[PDB]
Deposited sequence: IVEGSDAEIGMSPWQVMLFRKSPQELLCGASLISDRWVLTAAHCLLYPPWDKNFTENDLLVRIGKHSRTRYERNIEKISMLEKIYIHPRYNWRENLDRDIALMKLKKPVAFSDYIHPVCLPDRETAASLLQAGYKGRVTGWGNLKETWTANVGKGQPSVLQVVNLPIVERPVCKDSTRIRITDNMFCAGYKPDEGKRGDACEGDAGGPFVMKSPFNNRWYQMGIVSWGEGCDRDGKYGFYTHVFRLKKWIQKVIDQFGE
């Protein structure tokens, strides 16, 4: 995260770290939507241009974590992946369209002060919160600039008008992504970075006081460049795929 701050303890209890086993490295963020389902970006698991291709056994997830480094006894939880589901329409070449994956934990995780799932949006939360200028929250242990941080970083970024998004990039963007970040003339800065990908863009409803994951950190040209915005996967738009995978293959 660029131009962010240290998260408070328990501020993002759906935050999940996606690790490679050997050699051990942080790959991506991810989010907890239940006691056994985790949401991330497809490119975290499969991205042929960086010869990235991961099976369930290659990976590890860590949940309820504040400090990137030290083990946090009786706070963080380890889990293994049963199965990974990448969206069949995921386009890893042209535009990262439909950059989303579901991951099934091999066993349910216990909830705590530090471990708790985020809500998925419905049609009405999509209609109410997905507006230009409305801000959501991104979190991660990715780079602080284009040094990975000690503790989880947080920054709040405004959703941007679609025509601005489109003009900001040569990439043919789609309805399955949106972009967030401050414009040059707004003075303020902040963005996700390498290592934040797959983490959640959350928003708090003023109607029921609940946090909703509206977005998944997907892609960006550099990090925090003027006239560039971070691109996020449109979760609500892909909710039907989520439901179908979970219905068909859950527990």
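Chemist: What stretches of this chain's deposited sequence are missing C-alpha coordinates?
Modeler: Missing C-alpha atoms (numbering from 1) occur across the range 147 to 154 alone.
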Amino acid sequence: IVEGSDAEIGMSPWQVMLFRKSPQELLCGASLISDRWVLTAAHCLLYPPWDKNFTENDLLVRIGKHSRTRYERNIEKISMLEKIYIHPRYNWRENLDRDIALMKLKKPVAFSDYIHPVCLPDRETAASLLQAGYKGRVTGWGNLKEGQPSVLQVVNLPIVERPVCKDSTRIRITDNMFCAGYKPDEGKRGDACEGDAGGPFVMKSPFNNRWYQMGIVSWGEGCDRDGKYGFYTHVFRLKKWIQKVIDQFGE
From here on, numbers count along this sequence of modelled residues.
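Chemist: Going by the average Cα B-factor in the PDB entry, point out whether 117 to 125 or 159 to 167 comes out higher.
Modeler: Higher of the two, by average CA B-factor, is 159 to 167.
Chemist: Return whichever of 49 to 57 and 210 to 218 has the greater mean Cα B factor according to the PDB record.
Modeler: In the deposited entry, the stretch with the higher C-alpha B-factor mean is 49 to 57.
Chemist: Based on what the PDB entry reports, which of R62, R36, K204, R68 has the top C-alpha B-factor?
Modeler: Most elevated C-alpha B-factor of the set, per the entry: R68.
Chemist: Maximum C-alpha temperature factor per the entry, among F19, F236, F231, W14, belongs to which one?
Modeler: Each of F19, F236, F231, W14 was compared by C-alpha B-factor; the highest is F19.
Chemist: What third of its chain's C-alpha B-factors does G199 belong to: lowest, middle or highest?
Modeler: Ranked within chain, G199 CA B lands in the lowest tercile.
Chemist: Test of reading the entry: by CA B factor among the chain's modelled residues, which third contains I100?
Modeler: Lowest third of the chain for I100's C-alpha B-factor.
Chemist: Going by the CA temperature factor in the PDB record, which third of the chain does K83 belong to: lowest, middle or highest?
Modeler: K83: CA B-factor falls in the middle third of its chain.
Chemist: Tell me, lowest, middle or highest third: where does the Cα B factor of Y134 rank within its chain?
Modeler: Within its chain, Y134 is a middle-third residue by C-alpha B-factor, going by the deposited values.
Chemist: Split the chain's modelled residues into thirds by Cα B-factor; is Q148 in the lowest, middle or highest one?
Modeler: Its C-alpha B-factor, which the entry lists for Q148, ranks in the highest third among residues of this chain.
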